[PDB]
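A.B. asks: kindly generate the corresponding structure for this input.
(one chain, ligands or ions: 2)
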Amino acid sequence: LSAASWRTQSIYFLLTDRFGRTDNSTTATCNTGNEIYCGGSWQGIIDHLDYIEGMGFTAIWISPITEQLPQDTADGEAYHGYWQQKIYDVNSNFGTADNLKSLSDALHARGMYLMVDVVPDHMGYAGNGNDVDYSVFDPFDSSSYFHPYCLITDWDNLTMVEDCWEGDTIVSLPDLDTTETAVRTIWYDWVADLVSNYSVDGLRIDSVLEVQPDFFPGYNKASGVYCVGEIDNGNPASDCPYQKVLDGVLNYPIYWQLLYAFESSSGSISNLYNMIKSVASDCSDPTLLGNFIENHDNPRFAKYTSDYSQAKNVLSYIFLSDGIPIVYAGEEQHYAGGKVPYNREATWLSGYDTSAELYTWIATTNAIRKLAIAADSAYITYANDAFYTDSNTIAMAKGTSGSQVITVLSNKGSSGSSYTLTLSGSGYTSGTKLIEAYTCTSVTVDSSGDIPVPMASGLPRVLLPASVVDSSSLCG
Ligand SMILES: [Ca+2]
Ligand SMILES: [Ca+2]
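C.D. replies: Residues are numbered from 1 along each chain as shown. Ligands and ions are numbered 1, 2, ... in the order given. Let me share the structure:
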């Protein structure tokens with residue numbers, strides 16, 4: 001699928017090793033601090049696709065698929081897929097090639113998409129960079145395709161960042177020399193064939209900051225599908241310019257500010273609003289960014305606050321602002337894991353409870369997003385406008401005039417206190433009929449052009465023309 005078509009998708013990110021077992025167990029032990037394989041497979045995913053599909057996701061993002069280093073170390077095992085050694089083989093722990101193709105077919109058969117995580121930057125090696133045995137790698141069995149060993153010592157130094165090696169002294173990450181024609185060739189063929197053999201619909205690229213930007217255009221082009229890169233940094237000025245060579249980037253700038261605005265009743269709304277404006281100014285298409293509020297590399301949102309109203313609000317935000325929403329398996333179950341590896345809890349230990357508070361919230365949010373898209377073809381590409389803010393509130397408008405969706409967010413918390421807010425600035429006129437989708441409340445705009453918004457227990461509120469909701473069954 002191309003970038004333009006990816007815009008209307010919703011993705012569930014899971015760690016192949018942590019989501020589901022081929023034996024369907026709900027009880028298989030998984031001590032995270034141990035950093036070993038707990039046993040998830042591509043068949044375990046297939047086996048729980050109903051679970052995923054009931055929250056209304058259209059796509060999944062899975063861990064890398066290549067064969068890894070086989071050892072156990074004080075750094076743990078390669079259960080995450082980021083320590084590869086032989087690229088033309090599969091991670092036999094996850095299953096067989098046939099199994100990977102069956103995942104692809106099972107998804108497509110449901111109207112779902114497959115997104116795969118890929119690592120162009122490095123190889124993995126159980127030993128320090130001085131003693132790497134290049135004979136273990138396929139096809140890169142020569143120290144010649146790699147950059148000279150150095151650790152990344154100074155992160156402000158972008159050359160050093162691109163040319164020295166990720167990792168430490170227990171498990172080193174042999175850094176490929178991606179400027180070399182032979183390594184661009186290997187990699188461009190490799191990604192065209194990956195897509196063609198397993199029918200991938202889109203790619204998630206690891207360590208984009210660690211690769212020179214000119215590598216990316218012929219890699220985007222050889223794969224023939226949307227590419228979203230990981231540039232792990234909070235500065236839009238550093239990660240937006242990559243949108244010049246990739247298509248999309250993961251929305252790390254918004255991540256940090258969303259997290260803090262919502263962790264408490266005193267979190268900063270100003271900070272969020274300013275970051276919206278900065279990204280819209282540096283990024284060529286914010287609607288092509290991957291939005292998230294948790295992932296496998298930072299503490300879980302529930303580790304900072306266990307308030308459910310705060311949790312609902314960051315979820316409405318990822319789905320209803322500009323960009324593609326991405327939920328990290330566990331999120332829907334209110335997983336509380338902190339620092340890595342504490343945040344890599346097995347989903348199966350939740351028992352796949354489809355009646356969890358957040359399971360339901362995401363399913364309703366997904367319905368809403370799908371309704372808006374179905375009703376205004378210019379909705380998804382329309383730029384988001386944060387039109388009102390106060391110390392605990394942000395209201396945003398998106399969609400064609402006469403049709404815009406209005407989203408109202410609050411960081412007051414469960415403590416809340418019911419009141420009505422008179423939202424000015426919507427662009428809707430006097431007497432327009434709206435329906436608040438989460439409560440099914442019908443409201444009429446003021447003679448002055450105000451929307452009286454019923455606020456309670458600091459929960460999100462979303463309004464669409466009554467007309468539209470009346471054409472669905474969000475509201476009976
Ligand atoms: Ca590099
Ligand atoms: Ca990474």
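
A.B. asks: and residue 261, how close does it get to residue 275?
C.D. replies: For residue 261, the distance to residue 275 equals 9 Å [C-beta to C-beta, to the nearest Å]. From N, CA and C alone the C-beta is placed, and that goes for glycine too.

A.B. asks: neighbour count for those two, which is higher?
C.D. replies: Taking other C-beta atoms under 10 Å, residue 261 and residue 275 do not tie; residue 261 has more neighbours (25 against 20).

A.B. asks: residue of the stretch 201-350 of the chain nearest ligand 1, please.
C.D. replies: Ligand 1 sits closest to residue 210 of the stretch 201-350 of the chain, with a gap of 4.1 Å, by C-beta to the ion.

A.B. asks: what is the burial count for that residue?
C.D. replies: Close neighbours of residue 210, defined as other C-beta under 10 Å, add up to 25.

A.B. asks: am I right that it sits in a helix?
C.D. replies: No. Remark: residue 210 does not belong to a helix; assigned using DSSP: H, G, I helix; E, B strand; the rest coil, it is coil.

A.B. asks: for residue 61, pull up the helix or strand it's in.
C.D. replies: Assigned by DSSP states H and E, residue 61 belongs to strand 59-62.

A.B. asks: over to residue 169?
C.D. replies: Under DSSP H and E, no helix or strand contains residue 169.

A.B. asks: not counting sequence-adjacent ones, nearest residue to it?
C.D. replies: Leaving out its chain neighbours, the residue that sits closest to residue 169 by C-beta to C-beta, 6 or more residues apart in numbering is residue 128, at 4.4 Å.

A.B. asks: for that neighbour, which residues are in contact?
C.D. replies: Neighbouring residues of residue 128 by C-beta atoms under 8 Å, 6 or more residues apart in numbering: 169, 170, 172.

A.B. asks: do the same with residue 125
C.D. replies: Taking C-beta under 8 Å, 6+ apart, we find residue 125 in contact with 69, 83, 85, 132, 133, 136, 171, 172, 173, 174.

A.B. asks: how about the third one, what does it touch?
C.D. replies: Residue 85 is in contact with 66, 67, 68, 69, 123, 124, 125, 136, 137, 138, counting by C-beta under 8 Å, 6+ apart.

A.B. asks: what comes up buried for the host helix or strand of it?
C.D. replies: Assessed by DSSP H and E, residue 85 sits inside strand 84-90. By 16 or more other C-beta atoms under 10 Å, the buried positions in strand 84-90 come out as 84, 85, 87, 90.

A.B. asks: now swap in stretch 102-117 and tell me
C.D. replies: Residues of stretch 102-117 classed as buried: 102, 103, 104, 106, 107, 112, 113, 114, 115, 116, 117 (neighbour count, 16+ other C-beta under 10 Å).

A.B. asks: filter the residues you listed down to the ones in helices?
C.D. replies: 102, 103, 104, 106, 107 (DSSP state H).

A.B. asks: quick check: phi and psi at the residue nearest to residue 169.
C.D. replies: phi -80, psi 160 (degrees, to the nearest 10).

A.B. asks: for the contacts of residue 128, which one is nearest residue 32?
C.D. replies: Distance to residue 32, by C-beta to C-beta, is smallest for residue 170 among the contacts of residue 128, at 18.4 Å.

A.B. asks: who's in contact with the residue nearest to that closest one when sequence neighbours are not counted?
C.D. replies: Nearest residue to residue 170, sequence neighbours excluded (C-beta to C-beta, 6+ apart): residue 75, at 4.6 Å. Counting by C-beta under 8 Å, 6+ apart, residue 75 makes contact with 35, 168, 170, 171.

A.B. asks: what's the answer for residue 270, then?
C.D. replies: Neighbour list for residue 270: residue 389 [criterion: C-beta under 8 Å, 6+ apart].

A.B. asks: just the element for it, please.
C.D. replies: Following DSSP H and E, one finds residue 270 within helix 269-282.

A.B. asks: list the buried residues in that helix.
C.D. replies: 269, 272, 273, 275, 276, 278, 279, 280, 282.

A.B. asks: stretch 219-234 now?
C.D. replies: If you call a residue buried by 16+ other C-beta under 10 Å, then stretch 219-234 has these buried ones: 219, 220, 222, 223, 225, 226, 227, 228, 229, 230, 231, 232.

A.B. asks: for stretch 406-414, same thing?
C.D. replies: Those would be 406, 407, 408, 409, 410, 411, 412, 413, 414, for stretch 406-414 by 16+ other C-beta under 10 Å.

A.B. asks: what lines up beside whatever helix or strand the fourth one lives in in the sheet?
C.D. replies: It stands for residue 409. Using DSSP H and E, residue 409 sits in strand 405-410. In the sheet, strand 405-410 lines up against strand 393-398 (antiparallel), strand 461-465 (antiparallel) (DSSP bridges).

A.B. asks: a markdown table for these, including mean neighbour count?
C.D. replies: Output for the strands paired with strand 405-410, formatted as a markdown table (neighbours: other C-beta atoms under 10 Å):
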| stretch | mean neighbour count |
| --- | --- |
| strand 393-398 | 22 |
| strand 461-465 | 24 |
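
A.B. asks: nearest to ligand 1, out of those strands?
C.D. replies: Distance to ligand 1, taken as C-beta to the ion, is lowest for strand 393-398 among these, at 37.5 Å.

A.B. asks: any idea how far the closest one is from the chain center?
C.D. replies: From the chain centre to the centre of strand 393-398 is a distance of 22 Å (C-alpha atoms, centre = their mean, to the nearest Å).

A.B. asks: dump that strand to CSV, restricted to CA.
C.D. replies: Extracted C-alpha coordinates of strand 393-398, given in CSV (Å, rounded to 0.1, in the frame of the first residue of the first chain):
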residue,chain,number,x,y,z
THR,A,393,-8.4,21.8,28.1
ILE,A,394,-7.7,21.7,24.4
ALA,A,395,-10.3,21.6,21.6
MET,A,396,-9.4,20.8,18.1
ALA,A,397,-11.3,21.0,14.7
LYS,A,398,-10.6,18.7,11.6
